[PDB]
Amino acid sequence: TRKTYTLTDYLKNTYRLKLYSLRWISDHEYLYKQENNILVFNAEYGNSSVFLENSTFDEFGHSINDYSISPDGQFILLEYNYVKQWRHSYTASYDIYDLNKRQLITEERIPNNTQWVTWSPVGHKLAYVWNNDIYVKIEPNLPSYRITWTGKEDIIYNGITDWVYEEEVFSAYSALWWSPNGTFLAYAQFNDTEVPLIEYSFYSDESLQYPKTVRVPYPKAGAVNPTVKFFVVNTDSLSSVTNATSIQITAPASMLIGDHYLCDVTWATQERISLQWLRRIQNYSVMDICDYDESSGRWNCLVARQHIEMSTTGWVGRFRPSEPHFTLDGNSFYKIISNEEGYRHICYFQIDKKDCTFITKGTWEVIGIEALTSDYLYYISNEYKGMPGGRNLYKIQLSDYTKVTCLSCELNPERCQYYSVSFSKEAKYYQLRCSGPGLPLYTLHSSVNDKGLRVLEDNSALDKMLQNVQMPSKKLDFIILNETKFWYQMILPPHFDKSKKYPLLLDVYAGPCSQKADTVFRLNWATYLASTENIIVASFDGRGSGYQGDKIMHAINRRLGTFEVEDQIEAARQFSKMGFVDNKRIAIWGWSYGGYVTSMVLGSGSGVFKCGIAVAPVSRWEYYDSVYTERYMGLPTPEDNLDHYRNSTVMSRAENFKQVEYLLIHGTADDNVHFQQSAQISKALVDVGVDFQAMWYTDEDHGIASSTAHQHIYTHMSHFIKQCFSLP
C-alpha cells in the first residue's frame, strides 16, 4: 500500500518542486545559478560557461545574500547583512567587485544600512538610498553625489516608499526611476509628518530585558495620509555643478484640490516621462505625459497629452490603474482598461488623443502585457477554453489585429494550462513557465519563429517520487447562480468515491479581484488533508472575485463583508447538495482576508459550518490601511460610508459564535493586519460568554513564515481540524 502525502512531508519539504530561475543579461544570454556557481547560457544553443566560480568569495568573511551584475557586465553588486523589514523593504551592506580587474573595490564604499540600491539601466551608474536620502555614483570607486538633504527617519522618504506606498501602491521599497539610457533619475518624496503611528511590542530574544515598541507611520481608514512630490534630476550634470537641481513635476490641478496618490511612473523615451495620479477617492485617475524642455531645463506636461480614467461601477484598475507600454518613439502606448462591457482589454493610445482603440475583446480578460516589439505585442490572458482560472501567452500582430496567435495553449494542453513568461532584452527569446495543472515545466523559445528550443526543467525527479504516493486529485469546474457561472475547485482524496460522504473544508480568501479556483499545481496543507486525512478541500470564487469582468468584481463595491461572504456560504450548500459531503462535518478556514471572511461566516448563524479557523484576520475595516480599505469602502464618515463600515465588523456577530467551534490565530508583530484586530475579536467573544480556541505567535508578522512558527501553526491547525471532524 503506497504511502500518502503526510503533514511531515509538507512541513519538511520531502517532495521538492524544482524550478528554473534565470536572469537575462542581454538579448541572447542569461545567468543561472548551479551549485553555488553562476553560469552564463547562450539562449540559441544551450551551451554555457562559468561566469562566476563558487569559490570566488570564500574568504569574503560574509555570507552573500544576493548579487547584481551591472548592465555592461563590468561590475557585480554583492549584497550581504540582509535584514528584512516589510514585504519588500530591507537593509543590507554592499560591496562592488570589478569583473575585469577581478578585485574587490575598497574605496568610497556603499554605506552599511543602505535601504535601496540599483544600477542604471545602461552602463554601471549607481543610485542608492541611505538614511532616507538619495545618492548617486557615476563610477563604483568614486565619491557619491548627494541628491537630497531632507531625509528623515519615519518622516521624509526620498527615493523609497513609506509603509502604505510600499505595500498597497508600488509593491516595492524603491521609489526612484532611471530614464532609459540613465541620463535622468526620477524619484518620489513621501512626507509622513502627520500620519498616525501603529505601535506594538516586539519581544526579540529572551536576553532583551525590556520589550521594544515598534512604531511605524501607518494611515488607517479615514486617517491623515502621507503627501507626495515627484522630481527629476539630470545625473549627467552631477560632475559639472556643485549641487544638481531636482526639477519638480507637480500633480495636475484636478488632483491638487484634494488628497491624492502618485500611483505609476513610467518613462516613454530618454526625454519623456509619464505619471499617473489617483484621487483619494480611487475612482478617478489622471496620466500626465511630460517632456524635457532643453532650453529651460524644465519638465512640461501638455494638457493635450493628459489622459483621464474613471469608473462608475467601482474603483480604477484591478488593484490600481494599469501601467502603460510605450512604442519605441514614445508617441503611442498600450494600456489594459475595462471596456464598455466591463472586461479588461488592451487599448491603443496616441499620446495626444483622448480616445483609444481596443485591440482585443470578448468575455474574458487580458492579465498583463509582457513585451512589445515594432511588430508584435505579447500578452497573457484567460481566453483559452473560457477558463478564467487558466493563463496563456498570446501574440498579436500590430499591423493586423485579426491576427492573434496563442503561443502556449497547445504546447501540452493536458499538463499545462497556467503560463508565465520571461522575455530576453529585445524579446528575441522567451522562457515559458508552466505551473499547472500538471507538474511545472520550464521551456525556452525562439521569438523569430516561435519554435521550442529545449526543455529547461521538467520535474521528472519529482514525478518519479510521487509515483509511490497516493496523491489527491484536483477538480476545476463551475456552478450556475442567477444565470452567472461561478468557478470552484476541489482537492479530492485518493480513490475518491462519489457514493461516500466526505468531510469538507472550505478554504477561503475571497478578497476583491481574488481567484482561489485555478489550474495551478500545488503541494500544500490541503494536499496532506486530502491525501492522508481523506478530507475534501474546496474553494469558491463568488461575487467580488476577479478576471471575469467588472460585473462580478465590482459587485462588492462599498459593500465588503456581504456578498463575498454570503456566496461562500451558498457555495457550501451547493457542495453538500452534490451528495458526497458529510453535511455534519463542514469546516471553513482562511488567512488574512480569508480569516475575516471565515470569521464573518462563522458568525452569520447559517448553521452550515461546524467549526473554522481564522488566521491574522481583519475584524473591522477602520483598523486597516487607508489606500486598500478606502478603494473598496470609500471614507468612514457619516457623509460617505460609515454605516457599512460599522455594519461589517466581526465583533458585532460575537453572539452567533456560540453555534460553532472557533480557532483564532495571530502573530503579535503583524505590521500589516495589526494583532489589534484579533485582540478586539477575542474581547468581543469574552464579553458575550463565548468559548473558543486561540493562539498567538510571538514576534511573527502577517506571514507567520519563520521556519519554526510555520511548522507549529499548521501542526496546531491539523489537530483542531482532526478533532472537529472526529478523526484519529
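Numbers follow the displayed sequence, beginning with 1.
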item: Higher-B stretch (mean Cα B-factor, as the entry records it), 293-301 or 437-445; value: 293-301
item: Per the entry, higher mean C-alpha B factor between 496-504 and 609-617; value: 496-504
item: Maximum C-alpha temperature factor, selected from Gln693, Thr668, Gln677, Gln659; value: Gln659
item: Top Cα B factor in the deposited entry, candidates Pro219, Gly594, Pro413, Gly546; value: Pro413
item: Among modelled residues of the same chain, the CA temperature factor third for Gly542; value: lowest
item: Among modelled residues of the same chain, the CA temperature factor third for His554; value: middle
item: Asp687 - Cα temperature factor, lowest/middle/highest third of chain; value: middle
item: Chain-wide C-alpha B factor ranking for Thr715, given as lowest, middle or highest third; value: lowest
item: Third of the chain, ranked by Cα B-factor, where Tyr645 sits; value: middle
